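Have a look at the structure below before the remarks.
There are 2 protein chains.
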Amino acid sequence: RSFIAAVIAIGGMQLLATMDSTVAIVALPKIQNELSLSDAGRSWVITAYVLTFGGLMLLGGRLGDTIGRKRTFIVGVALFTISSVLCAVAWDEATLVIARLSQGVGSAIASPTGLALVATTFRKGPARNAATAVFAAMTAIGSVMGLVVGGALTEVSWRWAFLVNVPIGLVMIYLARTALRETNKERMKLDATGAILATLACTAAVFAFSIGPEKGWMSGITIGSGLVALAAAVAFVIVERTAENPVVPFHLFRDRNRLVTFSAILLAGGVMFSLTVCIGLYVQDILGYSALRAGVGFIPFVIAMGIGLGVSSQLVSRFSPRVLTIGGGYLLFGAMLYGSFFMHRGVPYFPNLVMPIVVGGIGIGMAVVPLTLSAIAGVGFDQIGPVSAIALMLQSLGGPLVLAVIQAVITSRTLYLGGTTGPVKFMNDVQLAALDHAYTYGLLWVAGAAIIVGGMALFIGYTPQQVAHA
Amino acid sequence: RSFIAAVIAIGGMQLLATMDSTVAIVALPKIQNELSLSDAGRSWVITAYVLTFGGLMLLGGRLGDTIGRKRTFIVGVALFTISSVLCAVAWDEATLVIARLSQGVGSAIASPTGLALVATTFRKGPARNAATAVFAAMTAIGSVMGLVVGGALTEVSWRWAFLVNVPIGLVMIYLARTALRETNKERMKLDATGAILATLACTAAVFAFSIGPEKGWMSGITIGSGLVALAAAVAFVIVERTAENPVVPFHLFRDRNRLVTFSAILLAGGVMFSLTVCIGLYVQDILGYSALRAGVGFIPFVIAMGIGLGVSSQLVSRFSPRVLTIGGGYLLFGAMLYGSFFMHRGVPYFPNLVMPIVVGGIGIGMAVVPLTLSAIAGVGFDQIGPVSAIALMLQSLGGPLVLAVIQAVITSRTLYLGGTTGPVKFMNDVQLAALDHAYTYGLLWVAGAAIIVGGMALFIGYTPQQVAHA
Ligand SMILES: CCCCCCCCCCCCCCCCCC(=O)OC[C@H](COP(=O)(O)OC[C@H](O)CO)OC(=O)CCCCCCCCCCCCCCC
Ligand SMILES: CCCCCCCCCCCCCCCCCC(=O)OC[C@H](COP(=O)(O)OC[C@H](O)CO)OC(=O)CCCCCCCCCCCCCCC
Ligand SMILES: CC(C)CCC[C@@H](C)[C@H]1CC[C@H]2[C@@H]3CC=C4C[C@@H](OC(=O)CCC(=O)O)CC[C@]4(C)[C@H]3CC[C@]12C
Ligand SMILES: CC(C)CCC[C@@H](C)[C@H]1CC[C@H]2[C@@H]3CC=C4C[C@@H](OC(=O)CCC(=O)O)CC[C@]4(C)[C@H]3CC[C@]12C
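Residue numbers (our numbering), protein chains in the order written: chain A, 10 to 479; chain B, 10 to 479.
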């Protein structure tokens with residue numbers, strides 16, 4: 010009961026953060042009809058959460074060293090929970106944007122602390138391997154459950170969708186309070202100048218990329234804000250040389266296999282993210298499943314995901330992370346090839362759509378556990394904070410970049426086969442077929458990106474003694 | 010009875026040529042101890058067969074049009090059978106070289122004609138699908154049976170190994186005489202200037218490539234002969250513009266998928282050849298099975314490959330050659346990866362060495378049949394000759410090129426890990442472990458080359474209606 014309560018509590022913010030984003034996307038069309046925030050306001054509710062979430066993420070890495078990881082985890086979750094109630098009673102667009110900003114601040118604090126608590130709470134060995142599986146397990150549970158909740162009670166009101174976080178957030182605070190322990194160690198003074206410039210450098214960049222498409226890539230505020238991001242980054246690196254308790258220990262990233270590992274998670278996160286966004290759109294638009302049915306149809310992915318995670322936790326103590334990552338992805342690679350050839354519109358569910366999802370889930374489950382363990386290997390307690398924060402930022406940063414490339418490819422080929430850009434409800438059924446074939450073509454591009462992750466994963470070179478088996 | 014006799018006869022030259030090369034390699038050390046031909050003559054017996062086999066191969070493609078494909082097939086096999094007898098009674102090195110030169114001429118005349126007999130003898134449909142499987146099936150039978158025969162009857166005398174072809178060559182000539190019919194079509198005038206220049210260019214290129222390492226890549230005769238190869242190649246292309254019944258119809262290779270299909274077989278042949286050469290050396294050297302035991306241990310490969318060929322012949326009428334080539338090699342890609350991680354010295358036979366061979370054999374069998382049917386698709390009867398000759402030449406040319414790259418990578422990592430260049434019998438057992446891991450490393454490079462074949466195979470685009478299903 011004690012070990013079970015601890016692993017569930019540590020992975021709580023992965024459940025909440027992934028579930029909230031999926032619900033917010035689902036309920037966007039109605040928030041127009043009620044608030045009338047217009048097409049401009051459509052993207053501010055999304056970008057507001059991402060503006061502070063990425064900006065303050067590297068500040069939240071070092072906030073557990075100077076104050077405490079258990080306190081930091083609880084405070085971040087509590088602020089996230091409170092902000093969800095305020096977002097559910099937003100009067101107009103203005104109230105909603107402040108609400109989404111505060112959720113990003115709370116998530117920026119608790120997300121890095123959750124992955125740091127995995128390394129510092131469970132000693133290397135079977136304990137850390139079981140905890141790693143649960144931490145990655147609940148990220149998929151929240152994603153699928155966000156569809157089901159986002160598709161089930163959407164029909165009544167979008168305000169009840171943001172209140173579902175409140176019961177869940179309260180349970181994670183209670184579990185973390187009575188299951189986690191405060192470490193009795195002296196605090197480290199926070200790096201003021203290093204922490205400030207990192208927030209300014211990151212926040213300005215996120216703002217510039219988000220507003221760029223709205224005003225154009227050469228509007229003047231797009232590259233004008235990029236100038237501030239560049240100037241802040243240059244000043245951050247210079248002061249970082251003579252920094253005490255540094256925010257980003259550049260020296261810890263050398264020519265060894267830490268860069269290879271951290272290069273994989275950035276590009277792997279892009280493949281995982283773009284595969285999730287494209288598949289959801291295809292099932293909703295082409296196959297006409299709807300939000301509720303799509304969420305219930307992805308339940309087998311979670312069960313398949315769990316089987317891969319559970320098997321990998323046992324095998325990680327006998328096989329190096331190199332073979333397990335390759336072995337798991339080989340199953341995933343076959344699943345995407347099958348879908349790229351035999352996934353037209355109107356196919357049945359059980360034979361065609363279930364098996365590739367089940368096979369792909371086991372492959373992903375096998376590869377995530379070795380990669381997470383090697384990302385937190387050979388670090389310690391005085392540098393686990395920033396290293397865990399860097400891991401989550403690269404995973405999230407690689408999402409939008411790879412997906413941006415993929416979506417451009419899908420759009421281009423839809424016009425090539427003969428099609429239109431715009432809402433799917435006004436297509437001629439000859440223009441809908443072109444969109445279908447475009448999505449499967451873009452799945453080959455995702456396969457090419459996955460292959461590059463594999464060759465870069467051949468250079469890891471960690472033994473099962475270092476990542477696990479201690 | 011008439012059908013089985015016809016398919017066996019057409020593939021007879023594939024069994025003989027593949028069997029002869031394997032037997033010739035096995036018996037080279039003993040030919041040294043008897044004839045005392047020195048190391049220089051050791052390689053001349055091999056190059057003599059290839060010098061005329063590759064030099065005259067393109068000539069034989071158009072020889073069946075002006076003489077007849079049945080008469081051309083009997084003449085080539087007959088000359089091959091006679092020369093094997095002359096090779097078995099060679100008293101000095103001169104007699105052996107002229108004997109090996111004659112065998113290449115016989116193989117050059119019959120090898121292109123055998124593949125052209127597949128397209129002309131059997132109508133497009135299930136009959137041609139079954140004939141193609143048998144044609145590919147007994148190319149593999151000769152290789153494994155060459156090990157068994159060469160490794161068995163070479164503790165008595167190496168001369169007897171060359172007489173084993175005589176019974177087989179006689180049987181194929183009888184079957185071809187009583188099972189094939191001579192087409193009644195008017196003969197075509199041979200392209201005199203085009204044929205002589207094509208022969209001179211191909212022989213000179215082989216000569217310079219073979220003699221280069223002996224005399225050095227800049228000896229004076231190496232690049233001296235390469236000068237003649239370039240001059241003959243240029244003149245061949247110019248005169249082919251105004252050539253009637255061209256030896257190489259360049260216009261038949263446009264931007265369509267004929268180039269993609271013919272580029273796949275070039276590099277696919279290289280992957281197959283280097284995979285066969287390296288696996289044989291590893292089994293004999295690292296594992297120490299010997300030639301006889303190695304041949305008996307590769308019997309499951311032929312059985313496994315027969316299943317792949319038999320299954321693929323049925324499926325080729327419903328699925329395009331694109332998916333079958335990708336589907337078959339996906340099994341082969343996994344087999345190479347498993348052998349690249351769990352294949353050290355001292356492992357048993359049935360658990361570790363049998364299964365990857367069986368899985369790889371089925372994958373190879375699945376992809377061979379679709380590639381062969383698309384290489385002889387949509388040509389006719391007045392150009393099937395030269396097109397079949399080009400298909401075999403690219404397959405044979407790709408072997409040495411890819412294997413040269415692989416063997417260079419093997420040698421470099423042997424020295425890097427700590428190793429010695431020389432015979433394997435003078436090794437320290439610490440120098441022998443380095444050679445073990447060099448071979449396992451090179452298997453990753455063969456898998457990387459296979460991936461390139463796959464992406465290049467995604468551009469084929471043939472439908473099952475064209476290659477088969479008639
Ligand atoms: C990385 C290491 C970490 C180290 C660094 C430390 C970080 C630790 C974190 C670990 C957690 C990672 C994995 C978590 C998984 C999350 C994804 C998820 O659980 O979500 C499921 C998704 C639903 O997405 P949603 O719909 O909710 O959101 C989209 C909106 O709807 C649209 O805006 O779908 C799926 O089940 C994906 C199935 C993939 C299987 C293989 C593909 C087979 C091909 C079939 C043909 C398809 C047609 C072609 C189409 C092209
Ligand atoms: C292409 C389309 C055509 C269109 C154009 C028209 C042309 C039509 C032709 C069709 C015929 C093609 C295929 C025929 C197959 C021939 C090969 C064969 O039948 O021969 C078997 C070979 C024995 O070779 P030999 O010994 O005789 O000769 C070597 C000397 O001994 C050395 O000098 O072995 C094998 O069974 C290969 C097994 C591969 C399985 C996959 C790999 C698994 C990895 C396991 C770990 C291994 C250790 C690592 C090691 C690195
Ligand atoms: C459907 C028919 C016409 C088959 C033709 C397929 C080609 C049009 C596609 C198939 C796979 C594609 C490749 C798949 C993956 C990549 C990886 C891609 O690399 C990245 O994904 C980097 C993106 C990033 O890192 O941000 C560059 C293009 C390339 C080679 C693509 C080039 C074009 C290819 C060969
Ligand atoms: C202990 C460390 C050094 C091992 C890490 C593995 C890498 C050193 C190897 C693994 C496979 C290799 C790749 C395997 C295959 C190829 C194909 C090769 O493509 C070919 O053109 C070869 C075949 C041909 O010549 O036709 C180019 C290099 C590359 C990408 C190799 C580059 C180096 C890689 C990634």
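The beta carbon of each residue, even a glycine, is placed where N, CA and C say it ideally should be.
Quick one: which unbroken alpha helix (DSSP H) runs of 4-plus residues sit fully inside the stretch 274-348 of chain A? Chain order, please. 300-306, 308-324
Report buried or exposed for A:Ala-33, applying the criterion of at least 16 other Cβ atoms within 10 angstroms of its Cβ. Within the first sequence, numbered from 1, the residue matching residue 33 of chain A stands at position 24. Answer is buried; the Cβ neighbour count reaches 16.
Sub-7 angstroms separation of residue 510 of chain B and B:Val-378 beta-carbons: The requested residue 510 of chain B is not part of the displayed model; chain B covers only 10 to 479.
Residue span of the alpha helix (DSSP H) that contains B:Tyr-450, given as start and end: Position 441 of the second sequence, counting from 1, holds the residue named residue 450 of chain B. Taken as a continuous stretch (DSSP letters only), the alpha helix (DSSP H) holding B:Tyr-450 covers 440-466.
Can you pull the chain B neighbours of A:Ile-295, defined as C-beta to C-beta under 9 angstroms? Within the first sequence, the letter at position 286 stands for residue 295 of chain A. Those do not exist, as A:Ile-295 stays about 21 angstroms from chain B at its closest Cβ, beyond 9 angstroms.
Is the CB of B:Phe-468 under 7 angstroms away from at least one CB in chain A? Here the question's residue 468 of chain B lines up with position 459 in the second sequence. So no, B:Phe-468 is outside the interface.
Using the rule of at least 16 other Cβ atoms within 10 Å of the residue's Cβ for burial, across every protein chain shown, is B:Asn-437 buried or exposed? Locating residue 437 of chain B in the second sequence gives position 428, where the first residue counts as 1. The residue in question, B:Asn-437, is exposed, as its Cβ has fewer than 16 Cβ neighbours within 10 Å.
Return yes when the C-beta of residue 2 of chain A is under 6 angstroms from any heavy atom of ligand 1, and no when it is not. Lying before the first or after the last residue shown, residue 2 of chain A is absent from chain A, which here runs from 10 to 479.
Checking contacts by CB at 7 angstroms: is B:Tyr-58 closer than that to chain A? The sequence position of residue 58 of chain B within the second sequence is 49, counting from 1. B:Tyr-58 does not count as touching chain A.
Name, going along the chain, the residues of the stretch 166-184 of chain A whose beta-carbon falls closer than 9 angstroms to a beta-carbon of chain B. none
Closer than 7 angstroms to ligand 3: residues, by C-beta to nearest heavy atom, in chain order: A:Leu-276, A:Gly-279, A:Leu-410, A:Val-411, A:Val-414, A:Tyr-450, A:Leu-453, A:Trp-454, A:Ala-456, A:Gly-457, A:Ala-458, A:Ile-461, B:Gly-464, B:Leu-467, B:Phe-468
Where does A:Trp-167 land, buried or exposed, given buried means 16+ other C-beta within 10 angstroms? By 1-based counting over the first sequence, the position of residue 167 of chain A is 158. By the 10 Å Cβ count, A:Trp-167 comes out buried.
Find the residues of chain B that neighbour A:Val-332, judging by a C-beta separation of less than 8 angstroms, and give them in chain order. Working through the first sequence from its first residue, we reach residue 332 of chain A at position 323. Near A:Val-332 (Cβ distances below 8 angstroms), the residues of chain B are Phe-350.
Please work out which residues of its chain come closer than 6 angstroms, Cβ to Cβ, to A:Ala-170, disregarding the five sequence neighbours upstream and downstream, and give them in chain order. On the first sequence, position 161 is the one that residue 170 of chain A refers to. Closer than 6 angstroms at Cβ, skipping near neighbours: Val-32, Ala-36.
Straight-line Cα distance separating B:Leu-275 from A:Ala-204: Position 195 of the first sequence, counted from the first residue, corresponds to residue 204 of chain A. Position 266 of the second sequence, counted from the first residue, corresponds to residue 275 of chain B. Each residue's Cα considered, the two are about 58 angstroms apart.
Sub-7 angstroms separation of B:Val-157 and B:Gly-304 beta-carbons: Counted from its first residue, the second sequence places residue 157 of chain B at position 148. Counted from its first residue, the second sequence places residue 304 of chain B at position 295. Contact: yes.
So does the stretch 16-30 of chain A actually touch the stretch 150-164 of chain A, counting three or more Cβ pairs closer than 8 angstroms? yes
In the DSSP assignment, find the alpha helix (DSSP H) that holds B:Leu-126 and state where it starts and stops. Position 117 of the second sequence holds residue 126 of chain B. Element bounds for B:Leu-126: 102-130.
Any contact between the stretch 81-93 of chain A and the stretch 184-196 of chain A? By contact I mean 3 or more CB pairs, one from each, below 8 angstroms. yes
Along the alpha helix (DSSP H) that carries B:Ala-142, what are the first and last residues, could you check? Start at 1 with the first residue of the second sequence, and residue 142 of chain B comes out as number 133. Where B:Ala-142 is concerned, the enclosing alpha helix (DSSP H) stretches over 135-161.
Minimum C-alpha distance to B:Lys-194 - residue among B:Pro-258, B:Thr-75, B:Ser-120: If you number the second sequence from 1, residue 194 of chain B lands on position 185. Closest option to B:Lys-194, Cα to Cα, is B:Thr-75.
Alpha helix (DSSP H) segment containing B:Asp-264, residue limits: Taking the first residue of the second sequence as 1, we reach residue 264 of chain B at position 255. That residue, B:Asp-264, is in no alpha helix (DSSP H); it is neither H nor E in DSSP.
Determine the contact status of A:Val-173 and A:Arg-109, defining contact as a CB-CB distance below 7 angstroms. Here residue 173 of chain A refers to the residue found at position 164 of the first sequence. Here residue 109 of chain A refers to the residue found at position 100 of the first sequence. No, they are not a contact pair.
Run of the alpha helix (DSSP H) containing B:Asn-42, from where it starts to where it stops: In the second sequence, residue 42 of chain B corresponds to position 33, counting from 1. That run of the alpha helix (DSSP H) goes 37-44.
Using the rule of at least 16 other Cβ atoms within 10 Å of the residue's Cβ for burial, across every protein chain shown, is B:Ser-111 buried or exposed? One-based indexing of the second sequence puts residue 111 of chain B at position 102. That one is buried.
Given A:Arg-354 as reference, the closest of A:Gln-440, A:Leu-189, A:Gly-279, A:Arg-331 once Cα atoms are compared: Translated into the one-based positions of the first sequence, residue 354 of chain A becomes position 345. For the residues A:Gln-440, A:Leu-189, A:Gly-279, A:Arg-331, the minimum Cα distance to A:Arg-354 belongs to A:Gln-440.
Can you name, in chain order, every residue of its own chain whose Cβ lies under 6 angstroms from the Cβ of B:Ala-140, other than the five neighbours on each side? Indexing the second sequence from 1 puts residue 140 of chain B at position 131. Around B:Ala-140: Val-16, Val-127, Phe-131.
Since B:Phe-350 is in the alpha helix (DSSP H), which residue starts that stretch and which ends it? Against the second sequence, residue 350 of chain B aligns to sequence position 341. That residue, B:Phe-350, is in no alpha helix (DSSP H); it is neither H nor E in DSSP.
Cβ-Cβ separation, B:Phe-271 to B:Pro-473 (assumed contact under 8 angstroms), whole Å: For the purposes of this step, residue 473 of chain B is taken as residue 464 along the second sequence, with counting starting at 1. For the purposes of this step, residue 271 of chain B is taken as residue 262 along the second sequence, with counting starting at 1. Wrong, their Cβ atoms sit about 20 angstroms apart, outside the cutoff.
Can you grab the Cα-Cα spacing for the pair A:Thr-231 / A:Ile-220, in whole Å? Sequence index remark: in the first sequence, residue 231 of chain A carries index 222 (1-based). Sequence index remark: in the first sequence, residue 220 of chain A carries index 211 (1-based). Cα to Cα, the separation comes out at about 7 angstroms.
Am I right that A:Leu-284 and A:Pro-330 are in contact with their C-beta atoms under 8 angstroms? What's the rounded C-beta distance? Along the first sequence, one-based indexing puts residue 284 of chain A at 275. Along the first sequence, one-based indexing puts residue 330 of chain A at 321. Not confirmed; about 21 angstroms, so no contact.
Within 10 angstroms of the Cβ of A:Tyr-358, are there 16 or more other Cβ atoms? Answer buried if so, exposed if not. For the purposes of this step, residue 358 of chain A is taken as the residue at position 349 of the first sequence. Answer is exposed; the Cβ neighbour count stays below 16.
Residue 501 of chain B vs B:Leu-340 beta-carbon contact at 7 angstroms: The structure shown has nothing for residue 501 of chain B, since chain B only spans 10 to 479.
Test item: CB-CB of B:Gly-464 and B:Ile-415 under 7 angstroms: Taking the first residue of the second sequence as 1, we reach residue 464 of chain B at position 455. Taking the first residue of the second sequence as 1, we reach residue 415 of chain B at position 406. Going by C-beta atoms, B:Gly-464 is not nearer than 7 angstroms to B:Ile-415.
Please state whether the Cβ-Cβ distance between A:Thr-423 and A:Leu-444 is less than 7 angstroms. Stepping through the first sequence from its first residue, residue 423 of chain A is reached at position 414. Stepping through the first sequence from its first residue, residue 444 of chain A is reached at position 435. Yes, the Cβ-Cβ distance between A:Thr-423 and A:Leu-444 is below 7 angstroms.
Cβ-based neighbour list, B:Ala-214, same chain, cut-off 7 angstroms, excluding 5 preceding and 5 following: Translated into positions along the second sequence, residue 214 of chain B becomes position 205. So the list reads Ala-238, once near-sequence residues are dropped.
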